[PDB]
């Protein structure tokens, strides 16, 4: 199983250029590039071609572009924003050799029935799938374990992915998100491992579901998530490609970029290697 670094981990104490240098130095196989801040920042004094050249001449590679944000249940205008950004991301993926694009569900205060959320999500993901085919890029739907996210549990997200029924549409299983709204481990054990595109590892302070937010995450193994169960389930259903470490804790931004990157690697490897050869 390969090791990936998610830039949220060093959101406030690093940049893409430095993340690349340090992740490469510390043996990471992949990096998830953030499109809302890190990439634009990098492009202020660098070209996409420069970045493509970096990946061509180093071991590390870009696993995914992080988050096409709030893709479902949008009005005509919002849908246009979503499709326009996705099309732009396809060109970025092509230039950099990016394998996946992470899709994040709409976060809203509005109550929408689950079948309306499912129909919209399925329709949009199918449209995104159609667009992605000529690029060979795959979409990974990341359900978010937040009480205001329209798709906040594993089974709800899995139902959507299965209904879309496309080889280029799968899931991002994030341990924190799975734990944060109480997803059922039995549902994961009954899932098709091939539909799990990316696995995000992290842990959390033990607050009740509903109260948990991303700032509550802690290093893998230092929290209350039943990571033993998550890892055991992933192994049982055949998933084993890659694990990416993603943190949003203010405390860790106090560390240097390298300390954070090295700690993210040690905690992750020490936990994951107990189930998977790395």
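Residue numbers count along the first chain shown, from 1.
- On average the C-alpha atoms of 186-194 have higher B-factors than those of the other stretch, with 133-141 and 186-194 being the two compared.
- When the C-alpha B-factors of 30-38 and 205-213 are averaged, 30-38 comes out higher.
- Residue-level inspection of the entry shows that, of 99, 146, 114, 111, 99 has the top Cα B-factor.
- Listed residues 67, 234, 245, 227 were ranked by CA B-factor as deposited; 67 comes out on top.
- In the PDB entry, a CA B factor belonging to the middle third of its chain's modelled residues is recorded for residue 219.
- The PDB entry assigns residue 12 a C-alpha temperature factor belonging to the lowest third of its chain's modelled residues.
- Annotation for residue 3: C-alpha temperature factor in the highest third relative to the rest of the modelled chain, per the entry.
- Split the chain's modelled residues into thirds by C-alpha temperature factor. Residue 165 is in the middle one.
- Among the modelled residues of its chain, residue 75 has a C-alpha B-factor that falls in the highest third according to the deposited record.
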